[PDB]
Each structure stands twice: as structure tokens, then as C-alpha cells.
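Q: Chains as they are written, first to last, in full-length UniProt numbering: chain A, 13 to 123; chain B, 11 to 121; chain C, 12 to 121; chain D, 1 to 122; chain E, 13 to 123; chain F, 1 to 66, 76 to 324. Built from N, CA and C at the ideal position, the CB exists for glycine as well. For reference, the structure I am asking about is given below.
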RNA sequence: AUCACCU
RNA sequence: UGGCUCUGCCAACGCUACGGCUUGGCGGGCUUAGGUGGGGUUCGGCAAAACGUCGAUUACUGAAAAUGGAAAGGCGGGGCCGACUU
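What follows is the structure, encoded as C-alpha cells:
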């Protein structure tokens, strides 16, 4: 869209510094965290372009995967790269782009 | 439940397998990166499954879980070191089996 | 037509490809994905032009707007500065040239 | 005991995967001998070799024959990757023996894929 | 038409050394050239398996994206420029496969 | 090994074995719905078999009788048993038992009859092949030999699960049936070699060759062998003969004179091919009739690894 | 028996 | 596995937000089993040990063999020392 991406930019702008703090050790994960962080604005921009909710739900799945990545980087990534503080704020920003996504789902799923 | 439970149980698969999949030598790079893209990237299939409640995606979650199982079989049957030792395949297979059980119960639920 | 955007998009590429190689290794996944959105957005035009399901043209605009994102991300990336805001504007001149073409091509196919 | 039941139990995917695991088990060592160079083709070989399991596996845990045909296309691309690894990877990548051996294993998986494609088409 | 993947195998036979040689410098482009060089066989092996002219158009796209990669890697500068000769002795090879695909696209669009 | 053996369910379920069992169960079957459904979570299923056998919660899944087949877990559990239980039974098997012993096998049996047909220049021979070995193994006086060597309460229970301690019918179609049939007919080996002081003989599960340098003695031996295996082992003797070594010992697929050894193998090949054809004919229901027939006549030529052979090629 | 595959 | 979100040096396709970055060198660190099909069988000795079996799930130790446990001894040959031959 435009506003979801601008609100997701805030997720990226918060999470990308976190993803760059992940050590070389877990560099292969941040590849796919950033391929899910940075790569999710493909799915928010591909959902923007493609009114089909398939790519919107794909956008929702990506947001949910990004929320997993928060969980993962905070714990499952063993040096819990994201701290539980940094999840909670990043999940606020994910929830604000999940607000728009759930409300974009809403505005697409009218009939 | 269902998607949330499966993912929390699959967290423990990743909680075991991500350390295994990060230790895999860069020799077995694409094994390590495709193990992870089926480890971490299986939450994607669990997400889509729950997000959609379409049995096809909880079956493709099983396909990711089964590709995950291939990966343990393969990272066992990798040959420069042995990547995933069979204990780590065993414990992983136990964890993935618990994920398989919940996915199985979830597949059953929707079926 | 696919050859028009792609050649005008090679000005994006030829501009942003030295820029996307000068993106810090530190910002290497964003660089590899900037480049995989720079290069390989030509593939979204070419698919859109060799085929023409207009979904493929929206995916082309998506990549162009994801390229615009990569600009607006790689500028203000983090500490190792990547794309300067100038480069983002200059790039966005050329990304808006293919924006115009692909957009008018979307419009013309629509 | 009851063998831990995966869902969408598909014989063909399981067999094809078990038989394709022998392709991987043969081809992965000789992808992982591809020089330091030639390593992006090996990335893609492996991503093609090791990633064909996912193609089979998703095909078995699909009813979609599209996924079965996509598994066939991947086996054909792997059959290609043999051609490439043998001839075009200029050092060597795959000895005619290694290809002659690998092509046998891929042919076994080709057979099982063909039978599997056939049984669904009816 | 499966002389395509044996005429295109002469594109790869040319363009793959003209890709192993794009240095690390241009290794995101090399990876993406090799995934359009090597991974155009996939589009000609998907083609011959879904006459469905779409996949042959998507292999025309991959030959045209290979022609882009040709013209890109020329203008990649330094001793990594795909020599104008190579762009021309490969656009000859890609145009061979372009004409076999021109026929495939013809022979399948015209039933 | 020290009599006793009163702690084997520990070794049967000692993974290291339950894996050997696994690799033995899967060997050849790596294309069986059973392996492929097991292979998925193979080592979780082995840990749940380590656990179901360690805890004696194991139940043998019902025999799928076309030849009674089992499951993969079942054949694994048997492979686990008959990796610990087999070597404590195939140690008390008089060397001249030649079935389901990897060392002393089919060929060594035909070689052995010849061997001790050469030496002692046997003037006479006894074939005393058993009738329904598997279908008339006491499965009860079997478990008076699978209980004089096991002495492990829970192995004995695993044996009794994998093979109920009641009936008269070792299920031909099992690795524990193989082993226990050799063990069971090992009682007639130990009525040949121990009692009957008959040093020269050979047996493969049901086929009991007993080359002896005197005729009427070999007919005595047989009568004594039949009376034993009937009264003690409820194994009717289907065919027997006391032939001069010149008739040839129709042992184990060969016809074993001291000097030559004319492979008569034909019944087998005929049956192999017959089964073969029946399956690639869609006639897998008259095959049950044929199978029942051939399970009567020249299956008392212990051609059951061939029955499992053709339980696998064809179904 | 044949096939891989290293000691 | 051409790496490294990796440095130090250095140089320039470059690109700089002027810091660097990039990128290239240049060092350094980090990086038998399985699949698929379908005559040593010699002659001798010891048969001691071992191994097997019966003894024996015995005696015994211990209420109880209780997933402890022999042995003498018998029976073997499977075993052994040898020759030859493999």
C-alpha cells in the first residue's frame, strides 16, 4: 500500500539495527530475518499493488513470521539477539502494521 | 490454540535444530541455509495454515515438517563431518514428531 | 513494452548497481536484496513483457516500489550509511522513469 | 509403538523421497567437491539437489498434480544439473561415472515420480 | 521441443564460464545471472511439461532476462565486463534458443 | 553365554541394538510402506520402540496374512529380539543346523552334507524333513527352549508378544519365526547329535539330513527322530527316506552325493516364477491357493526366505 | 549376482 | 562450498552522509553399510582350554532367585594345535 509500508518502515528501522547486532555466528539467521524483515515490504507492496487478499494474507503471514522472528531472535537464537524489551516494542510496531493489515484484510474482505 | 500451540512446540524444534543448523559447516552451506529455510521457514507454513484454516496449508505444514525430517535424515547423512549427529536427529525427530502430532491433530480437527 | 522499461531500468540498475555494491558489507543482506531487487526487477518487467497477465505488471511495479523502498531503506539504513539521500533522489528519478513507463504500461494494458 | 504418523502419508513421496535421498546422498558429496569456484552453480545444484526433496515432499503432502509435475520438473532440472555438472562445470564437477551413477539414481527417482504422476492422473 | 535445453545448454556452456568469472564484486549479479542462466533450463524443463504457452513465455522471459544479464554484465565495468564478443557470441547462442523458443511459442500457440 | 541371559530386554532395547535392528529391518525394505512410514521419524520411532520394549508395552500388530507379513515396528522389534535372542540360540544350534544362521547358511549346509558324505564315506543317508514346521511348531514346546536360554522375564515377554507362547504355529513370515524354527528343530538336532549320538547330519529348519554309514541305523534314527519330534515337538514328519548315498541327499535345493552336487532347484524356480507371474497377472487370489499348495509340499525344503522373497517382489 | 562408495 | 554483518594494511570500478563505505589485492583470524535384481566340503591329533549343550534358570548365596548364579561332570565340534592346502 503506502501507509502500511510507512508504518512497516518503522518496524524495519527498529528491527534492522537488531538484525545487524546478531553476531556473525547467527548470520545465516539474520539473512532470513532480514529476508523476512526487509523482505516483508515486498509482501506489503505486492499486496498494495495486487488487490488480491492472497498476497495480503501472505502479507499477514509475513507479519506473523516477523513476529516469530522476534520470538526466535529473543530466545531461540541462543544469544537472544533481540532482547525481550526489543520484542515488545517491535511487536508494537508489528501490531501497528498488523492493525493496518488486519484492517486492510477488513477493507478488502467486504463481500 | 492449534497454530499457536504448533508454533510454540515447533519453537522447540527450532530451539533444538537452529543451533544444529547454525553449527553445520559452511562446507554444507546450502544444506545449512536450506535446513534453516525449512526450519525457521516452517513457521511460515504453520502461520499460513492457521491464518487460512485451509487443510492444504496444514498439509504443506506437514510437507515442511517432512522436509524438516528429510533435513535431519540428510544432515545425518551429510558426510564431511556428520552435521546433525543421530542423537540430534533423534531428539529433533522427537520434537518434530510432537509438532507432527499437533499438526496431525490440527489436520484432523479441520478434516 | 518490456524493452522500453528494461532499458530505462538499466539506468536505475547502472546507477544503483555501483551504489548497491557500495552498500556496506555490514548491510549485506539489505545489499544482496537491494541488488536482488535492483537486478531482478528487470526480470519482473521482462516477465511482464514477454508474458502479459498484468498481475506480472503489478509485480513489476511492486518490485519498482520495493526498489523505492530499498532506496528509502538503504538511505537511513543504520550506522554504516548506505545510499545517500542524494542517490535515493537521483535513483528515484530513474526509478520514477520506469515508474512512469511501467505505470503507463499498466495503464495501457489495463 | 505405532510409527509416528506424519499426515498425508503418501507412499510415493516417501518412496520417491527415500529413493531421491539416494540421489542426494550420491550427488551431495559430488556437489560438495565442486571447487571453491563454481560454487554458485553448486549453490543452485544443491538448492536444486537438496531442494528437490522439498519438491517431492510437498508433492506428497499435496493432492495437487501441479506439485507432482513441479517435482518432475525439478528432477528434470536435476537431470539437467547432472549434464551441467558433467560437461559445463569446466574443471569437472561430475565424472561420466558420477553422472552415469547419478543418472541411474535420478532415473530410479524418475521412475517413481512417473509412476506417482500416473497413479494420481487416473 | 527438447533441443531447447540442449541448445540452451550451449548458452550455459558459454555463459556459465562467463559467470563463474563475474567476480565476488558482482556476485549478487553473478548469483542472479547463474540463476537466470542455469535456472533457465528449469524454465525450459518446466516448459517441456506444460506446453501451456505461459511457461514458454516465462522461458522467453528467462532468455530475455538472460539477454538483460548479458547486457548488464557487459556494463559491469573493470576486468569483469562480459566482453562485447561474449555478449555477442552469447546473444547468438541465446538467440538460437530464442528461435527454438520462437518456434515452441509458435508451435504451441498454433495448435 | 553363561547360561542365564537374564537381562536381554536391556540389550534388545539398547538403541545401539534397536538401531542395528532398525538397519536390519529396513535392509531391502527401504521401499516398503513400513520403512517409509517409519523412516520419517525413524529415530523417534526407535526411541518409542526402545521405550515400548523397555517398558514391555509392545504389542505385535496383527499379521497381515496373504505368508503372514507384519509391520515395520513389528519386524524391527523382531530384529531387536533376534539380535540378542538370535545369538543366544544360534549358539546352541549344533553346527550342523544350517538355516537362519548367517555363518552356517544354505550353501554351507549343502557343502556340509557333501563334506561328511566325503568323509566317513557314508554308505547311507536319511532325509527327514519336517511337515508344517512353522504351522506346527508347538509355539509352546518352542517356549520351553526359548525359556531355557532367555531366562529374562521381559525378553521372554517380548518373545511371547512377538510370538505368542500359545498355539501350534510359528508364523512363517517372521525373523523370530526363522530363529525359533531353527531353535525348535534344534531339539531334533539335539535328538540327533546328543541323544542318538548321530555325529553326521545337517539340518536347515525343517530339512534334517542325517548321513549315516549304515542303512537300518538311519531308519532307526528317523523313527527315533519322528517319535521325538512328534511326542516332544508336535512336528509331523512330512517326507523322509533312508537312501543309499547314490539316491542323493535332496538337501537344501541340491542333490548332494559325496562327489557331485546336482542342483535340482526347479520347484523353487517354478514357484518363484509362478508367484512372479500371478502378481504381474492380477491373479493374486489364486496365488493364495497356489501358495497354500506349495506351502504344503516343497516348503518342507525350507524355502520360506523365498516365500518372504516373493512376499516382497509382488505382494 | 549386479550396482554404487570409501578403506 | 567462490565465503566472513572481517578485520589490519593498501589501492582504485567506484560510492561517499567526507566518516567511511565498497571493491580488488595483501596478510591474519573465523570458516563397511546400503540399493537393485536372481571345493578347505583336505587329512590327522588334542579334544586340554575355549565354545556349545545337558547339568541348570540347578546346587548355592539369599525369606524368596528376586531380569544373581556356578561347578564337577557327561555329550558334542562349532573349537583347537598341526601338516597339507587354502
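Grab the span of the beta strand (DSSP E) containing residue 211 (chain F) for me, first residue to last.
A: Taking the sixth chain and counting its residues from 1, one reaches residue 211 (chain F) at position 202. Secondary structure note for residue 211 (chain F): its beta strand (DSSP E) is the uninterrupted segment 211-213.
Q: In the structure shown, what three-state DSSP assignment does residue 65 (chain F) receive?
A: One-based indexing of the sixth chain puts residue 65 (chain F) at position 65. If DSSP states are grouped into helix, strand and coil, residue 65 (chain F) belongs with the strands.
Q: Could you tell me the boundaries of the beta strand (DSSP E) in which residue 134 (chain F) lies?
A: For the purposes of this step, residue 134 (chain F) is taken as residue 125 along the sixth chain, with counting starting at 1. Segment 134-136, the beta strand (DSSP E) holding residue 134 (chain F).
Q: Three or more C-beta pairs under 8 Å: does that hold for the stretch 184-203 of chain F against the stretch 93-102 of chain F?
A: yes
Q: I'd like to know whether the C-beta atoms of residue 5 (chain D) and residue 37 (chain F) end up nearer to each other than 9 Å.
A: For the purposes of this step, residue 5 (chain D) is taken as residue 5 along the fourth chain, with counting starting at 1. For the purposes of this step, residue 37 (chain F) is taken as residue 37 along the sixth chain, with counting starting at 1. Cβ distance < 9 Å, so residue 5 (chain D) and residue 37 (chain F) count as in contact.
Q: Listing by chain order, which chain B residues have their CB less than 7 Å from the CB of residue 47 (chain D)?
A: What you label residue 47 (chain D) is simply residue 47 of the fourth chain in a count that begins at 1. Under the 7 Å cutoff, chain B gives 40, 44.
Q: Unbroken alpha helix (DSSP H) runs of length 4 or more, entirely within the UniProt domain "bAvd-like" (14-120) of chain D: which are they?
A: 39-49, 52-60, 65-83
Q: Taking only beta-carbon positions, decide if residue 60 (chain A) is within less than 9 Å of chain C.
A: The residue labelled residue 60 (chain A) in the question sits at position 48 within the first chain. Yes, contact with chain C.
Q: Which of the residues in the stretch 86-97 of chain B, read from start to end, lie with their CB under 8 Å from any CB of chain D?
A: 87, 88, 89, 90
Q: Give the interface partners of residue 113 (chain D) over in chain F, defined as CB-CB distance under 7 Å, in chain order.
A: Counted from its first residue, the fourth chain places residue 113 (chain D) at position 113. Those within 7 Å of residue 113 (chain D) in chain F number zero; the least Cβ separation is about 14 Å.
Q: Quick one: is residue 51 (chain D) near chain B, going by C-beta distance under 9 Å?
A: Looking up residue 51 (chain D) in the fourth chain gives position 51. Judged by the 9 Å Cβ criterion, residue 51 (chain D) is in contact with chain B.
Q: Taking the C-alpha atoms as reference points, what is the distance between residue 13 (chain B) and residue 114 (chain C)?
A: Stepping through the second chain from its first residue, residue 13 (chain B) is reached at position 3. Stepping through the third chain from its first residue, residue 114 (chain C) is reached at position 103. One C-alpha to the other measures close to 39 Å.
Q: Quick check: what's the CA-CA separation for residue 27 (chain F) versus residue 86 (chain B)?
A: Here residue 27 (chain F) refers to the residue found at position 27 of the sixth chain. Here residue 86 (chain B) refers to the residue found at position 76 of the second chain. Those two C-alpha atoms are separated by around 18 Å.
Q: Count the other CB atoms, across all protein chains shown, that sit within 10 Å of the CB of residue 37 (chain E); report buried if there are 16 or more and exposed otherwise.
A: Reading the fifth chain from its first residue, position 25 is the one you call residue 37 (chain E). Answer is exposed; the Cβ neighbour count stays below 16.
Q: Assuming residue 167 (chain F) contacts residue 56 (chain F) under a Cβ cut-off of 8 Å, what Cβ separation, rounded to an integer in Å, is found between them?
A: Here residue 167 (chain F) refers to the residue found at position 158 when the sixth chain is read from its first residue. Here residue 56 (chain F) refers to the residue found at position 56 when the sixth chain is read from its first residue. Going by Cβ atoms, the distance from residue 167 (chain F) to residue 56 (chain F) rounds to 7 Å, so yes, they are a contact pair.
Q: Starting from the beta carbon of residue 15 (chain D), find every residue of chain F whose beta carbon is closer than 8 Å, and list them in chain order.
A: Counting from 1 along the fourth chain, the entry for residue 15 (chain D) is found at position 15. In chain order, 31, 36 make up the part of chain F whose C-beta sits under 8 Å from the C-beta of residue 15 (chain D).
Q: Quick check: the Cα distance between residue 50 (chain D) and residue 71 (chain E), rounded to an integer number of angstroms?
A: In the fourth chain, residue 50 (chain D) corresponds to position 50, counting from 1. In the fifth chain, residue 71 (chain E) corresponds to position 59, counting from 1. Taking the straight line joining both Cα atoms gives about 24 Å.
Q: Could you check if residue 79 (chain C) is buried or exposed, using at least 16 other CB atoms within 10 Å of its CB as the buried criterion?
A: Your numbering for residue 79 (chain C) matches position 68 in the third chain. With 16 or more Cβ atoms within 10 Å of its Cβ, residue 79 (chain C) is classed as buried.
Q: My guess is that residue 122 (chain F) and residue 260 (chain F) are in contact by the Cβ rule of under 8 Å, so how many angstroms apart are they, rounded?
A: As a position in the sixth chain, residue 122 (chain F) is number 113, starting the count at 1. As a position in the sixth chain, residue 260 (chain F) is number 251, starting the count at 1. Contact flag correct, Cβ pair sits at about 5 Å.
Q: Quick check on the DSSP output: the alpha helix (DSSP H) that includes residue 83 (chain F) runs from which residue to which?
A: The sequence position of residue 83 (chain F) within the sixth chain is 74, counting from 1. Note, residue 83 (chain F): alpha helix (DSSP H), 81-93.
Q: Using only the alpha-carbon positions, how far apart do residue 108 (chain E) and residue 19 (chain E) sit?
A: On the fifth chain, residue 108 (chain E) is found 96 positions in, with the first residue counted as 1. On the fifth chain, residue 19 (chain E) is found 7 positions in, with the first residue counted as 1. Rounded to whole angstroms, residue 108 (chain E) to residue 19 (chain E) spans 7 Å at the Cα level.
Q: Is there a Cβ of chain E sitting closer than 9 Å to that of residue 108 (chain C), yes or no?
A: Translated into the one-based positions of the third chain, residue 108 (chain C) becomes position 97. Residue-level contact by beta carbon fails for residue 108 (chain C) and chain E, as no gap is shorter than 9 Å.
Q: Could you tell me the boundaries of the alpha helix (DSSP H) in which residue 42 (chain F) lies?
A: The residue you call residue 42 (chain F) lines up with position 42 of the sixth chain. Where residue 42 (chain F) is concerned, the enclosing alpha helix (DSSP H) stretches over 42-54.
Q: Alpha carbon to alpha carbon, how far is residue 75 (chain B) from residue 67 (chain B)? Give it in angstroms, no decimals.
A: Your numbering for residue 67 (chain B) matches position 57 in the second chain. Your numbering for residue 75 (chain B) matches position 65 in the second chain. Roughly 12 Å between the two C-alpha positions.
Q: CB-CB under 8 Å to residue 48 (chain A), same chain, minus the five flanking residues each way: which ones, in chain order?
A: As a working mapping, residue 48 (chain A) is identified with position 36 in the first chain. For residue 48 (chain A), where only same-chain residues beyond five positions count, the Cβ hits under 8 Å are 74, 77, 78, 81.
Q: Does the Cβ-Cβ distance between residue 17 (chain C) and residue 63 (chain C) come in under 9 Å?
A: In the third chain, residue 17 (chain C) corresponds to position 6, counting from 1. In the third chain, residue 63 (chain C) corresponds to position 52, counting from 1. No.
Q: For residue 48 (chain F), which residues in chain D fall below 9 Å Cβ to Cβ?
A: Here residue 48 (chain F) corresponds to residue number 48 of the sixth chain, with the count starting at 1. By Cβ distance, chain D contributes 1, 2, 3, 4.
Q: Take the Cβ of residue 319 (chain F) as the centre, count every other Cβ of all protein chains shown within 10 Å, and call the residue buried at 16 or more, exposed below.
A: Locating residue 319 (chain F) in the sixth chain gives position 310, where the first residue counts as 1. Buried, because 16 or more other Cβ atoms sit within 10 Å of the Cβ of residue 319 (chain F).
Q: Confirm, please, whether the CB-CB distance from residue 17 (chain F) to residue 92 (chain F) is below 9 Å.
A: Walking along the sixth chain from the start, residue 92 (chain F) turns up at place 83. Walking along the sixth chain from the start, residue 17 (chain F) turns up at place 17. Against a cut-off of 9 Å, the Cβ pair of residue 17 (chain F) and residue 92 (chain F) comes out as a contact.
Q: To the nearest whole angstrom, what separates the beta carbons of residue 100 (chain B) and residue 44 (chain F), a pair I think is in contact under 8 Å?
A: Stepping through the second chain from its first residue, residue 100 (chain B) is reached at position 90. Stepping through the sixth chain from its first residue, residue 44 (chain F) is reached at position 44. Right, their Cβ atoms sit about 7 Å apart.
Q: Where are the alpha helix (DSSP H) runs, 4 residues long or more, that stay fully inside the stretch 189-251 of chain F, in chain order?
A: Secondary structure remark: continuous alpha helix (DSSP H) runs of at least 4 residues inside the stretch 189-251 of chain F, in chain order: 224-240.
Q: Closest to residue 94 (chain A) by CA distance: which of A:42, A:116, A:56 is it?
A: Here residue 94 (chain A) refers to the residue found at position 82 when the first chain is read from its first residue. The residue with the shortest Cα to Cα distance from residue 94 (chain A) is A:42.
Q: Measure the beta-carbon distance from residue 48 (chain F) to residue 1 (chain D) and round it to whole angstroms, keeping in mind my assumption that it falls under 8 Å.
A: Looking up residue 48 (chain F) in the sixth chain gives position 48. Looking up residue 1 (chain D) in the fourth chain gives position 1. 5 Å between Cβ atoms; contact.
Q: Who are the neighbours of residue 69 (chain A) on chain B, taking C-beta pairs under 9 Å?
A: Within the first chain, residue 69 (chain A) is the residue found at index 57, counting from 1. Scanning chain B for C-beta atoms nearer than 9 Å to the C-beta of residue 69 (chain A) yields 58, 61, 62, reported in chain order.
Q: Mind listing the chain E neighbours of residue 21 (chain C)? Cutoff is C-beta to C-beta under 8 Å, in chain order.
A: Working through the third chain from its first residue, we reach residue 21 (chain C) at position 10. Under the 8 Å cutoff, chain E gives 80, 83, 84, 87.
Q: Look at the alpha carbon of residue 148 (chain F) and the alpha carbon of residue 174 (chain F), and state the distance between them as a whole number of angstroms.
A: As a first step, residue 148 (chain F) must be located in the sixth chain, where it is residue number 139. As a first step, residue 174 (chain F) must be located in the sixth chain, where it is residue number 165. Cα to Cα, the separation comes out at about 6 Å.
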